[PDB]
Each structure stands twice: as C-alpha cells, then as structure tokens.
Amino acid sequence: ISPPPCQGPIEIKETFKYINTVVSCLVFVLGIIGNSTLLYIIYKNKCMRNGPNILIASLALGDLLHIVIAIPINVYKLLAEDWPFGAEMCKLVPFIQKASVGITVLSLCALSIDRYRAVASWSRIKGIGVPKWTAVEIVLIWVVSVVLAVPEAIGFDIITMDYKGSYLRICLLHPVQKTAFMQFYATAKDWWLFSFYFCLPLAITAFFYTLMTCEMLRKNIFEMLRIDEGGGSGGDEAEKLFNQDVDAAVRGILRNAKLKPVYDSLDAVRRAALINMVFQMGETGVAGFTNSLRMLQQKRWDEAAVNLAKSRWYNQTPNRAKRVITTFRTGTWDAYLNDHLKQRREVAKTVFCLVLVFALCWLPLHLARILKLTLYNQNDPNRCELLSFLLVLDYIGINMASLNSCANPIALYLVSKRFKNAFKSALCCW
C-alpha cells in the first residue's frame, strides 16, 4: 500500500526491459558454456592443477552457480514486471549473487598473490596435485564470501507496493530491519559494496601485480646479461649480487650528464639494453654513441638501430650487439626469449587481463551507485531529470557488471594461447 511518483523513469524502465532480458540470456548461454568448459579444462591439465590456475576454477564455479540460479529468476522477474516468487527466492537470489562476486573478488586477490610468490623464487620445485595451502585458501575464500552474503538473506523480503491503484509485489532489502545490525547494514550497504567488492580487489591486485612485474623485470635483466655473457646460473644470492651491480650502474648513469637524459626518457625494457651496454664497455664507452643516444632520446628506433649497427662494438661482438639493438628497436624481450621469459610473459598477461576485465565490467555500476548517493536530491526542484540519467547509467552498469559472469573464459581464450588451444580441443573437437 506504498507508492512512488514521477515521469522520466517510466519509459527507460520499459525500454530497458528488453535490453536487460537479452543481456541476461546472452550471459546465461555464454557463461554456462564458457565456465563449465573452463572448469573441465583446468582440472584435467595436471600441470595447471599443480599451481595458481586452480583459483581460476574457483572463479568459474562461483560464476556458474550465479548463472544457473540467479539469472533465470531475474529473467522471469523482468518479463513478469513483478516479483512472481515467494520470500525464500527473494532471499536466495541476492545471497547467491553477493556470494559469487565475493568469490570472484577474493579469487582474483589470491591469484595475484600466488603469481607474485611464484615469480619470487628460482628453481621452483612443484608438488603433485593441488597444494594443501591453496586448498585451504579456496575453502576460506568460499566461507568468507558466504558469510559476507548472509545479510542479504536476512534483510530481503517481499512487500506489496501500490502504484496509482495497481498493486505490485517487490523483492528488496526491507525498509524496516528487525535488529540494530541489520538496520546499520541497510544504511551502510552502498558504501560497503563499493569498498569490499571494488576498492579492495583493485588495491590488492594492483599492489601484487606491481610487485610481480618489478621482480619479473629484475629476473629478465639478470637472464639477459647471463645469456650475453655466454651463460651462467640463477638463484637468490646470484640475483641479489647482480641487482646491486645494476643499482650501482644506474646510480652512475644518473650522475653522468650524457647518459641521464636518454636513460630517464627510455622505458623499462630499453633501459635494460642501455644497462647491458654499460656492463660491457663501461660508462664512458657508452657515452661515445652521441648520435645513437640522441636517436633513442627522440624515439627513432629504426634510425638508432642502423647507427648502432655501424660501430666498432658491433664489429667485435656482433651476436650480442644484434640482440641488444633488437631490444632497443622493439622494446620487447623477443631477442632473449626463452622458456623462463615466455612463462613470465604469459603469467603477467592472464592476471592483468582478468583484473582489468573485472574492473571495467563493474566500474559503471559502482559509479552509478556513488553518483546517486552523493548527488540525487529529490528535494532539488528538477528531481526527475537527474534521475533519468542515473537510472540509465544504473541499467547500463547492471548489464556490464553481469557480463563479468561470462567474460573470464572469453578473456582467457583471447589472451593465453594455452587456454585458447585447450578450449578448441574441448568444444570444437567434441
């Protein structure tokens, strides 16, 4: 017997009824096949199961449970223009959904941490089967996500709304909560969702991804020099001593006037090539390539490559010079590519892609909720026009956030050739 009143929302809600229904059905089909296939693939590859990619199976299973339970209910609700179900279903759907993105949030954090740990060591000796502590991680992730979603199950209920004489059943977080905690949860829910399900995963994953790429860069520079010196051995002690020589070499470069401008201007990979040269000829010898240094300062890669090729250094040690100059030219590790550098590159790509896909899928909806919280005043005279914009962004945000439930298998297919090959075997060859 409770009502609402305006103008702008009406046609947007009706217009988006078909958009929301189509996106949900798309997510349902793409998500059901992609995540089932992903689970199938991950557990079968015993070298995958050995390590961090078992957390990706946790991702896929959590999204699968949301897809099979919550999305059909939402489709029925959209078409019915009412909540046709009972109170139990009203409590179940938001509980399942909140638990599922919690599993996604914590799995992505765990994946970025475990990838960082793997990079930090030399001569990694893997065990057989799922590592015991990764299994503990999975249980903990799922238990915490479920406990955090419990308030949805407690708070949601069915109420009847009267809209201009028409009665509608609506499933929502009940306006009156019984306990003081549940009343606090209702007031704080919107900020809490932004904090735990958006800010926390971005903070954890950005930090550990950054640590991981920094250690990958040091190991790649270490292998670059060892390969160019005819061979050598890695390990924590060997790397630490080498890193001190690198740090000292960069300290020298920053105190020499010819080298600092080109060094500061260069990217990380191209700085390694310049450090490589400093290791071979010393600091003053590198300063001699004024024309070449100028070209690298002005980003003339091909031009700089030719000038370096025409040098005494090139004549004496051509094989090393060719590799160094390719590094300058491409800004990649392709000339020094071995299995270690190959595996480091694939690892960085998959973690980066999954986190970025999560962030972009969810950012519009979180931005919706925030703008509505801070800005929407119904007491402001032009109340209905601002609502129209927020309602449209909220609808877009809902569909884009929903896409993340099916996006990870597709992203893995597109980014990792290992996963792409495994996808083809399971689907195209079945």
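The first residue of the sequence shown is number 1, and the count goes up from there.
When the mean C-alpha temperature factors of 379 to 387 and 33 to 41 are read from the deposited coordinates, 379 to 387 comes out higher. Remark: stretch with higher mean C-alpha B factor among 370 to 378 and 392 to 400 is 370 to 378. Across the residues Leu108, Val246, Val262, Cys199, the deposited record lists the maximum Cα B factor for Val262. Based on the entry's C-alpha B-factors, the most elevated value among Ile12, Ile19, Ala422, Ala411 belongs to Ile12. When the modelled residues of the chain are ordered by C-alpha B-factor, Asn338 sits in the middle third. Per the deposited record, the Cα B-factor of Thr213 falls in the lowest third when ranked against the other modelled residues of its chain. Split the chain's modelled residues into thirds by C-alpha temperature factor. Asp190 is in the lowest one. Among the modelled residues of the chain, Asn50 sits in the highest third by CA temperature factor in this PDB entry. Split the chain's modelled residues into thirds by C-alpha temperature factor. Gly285 is in the highest one.
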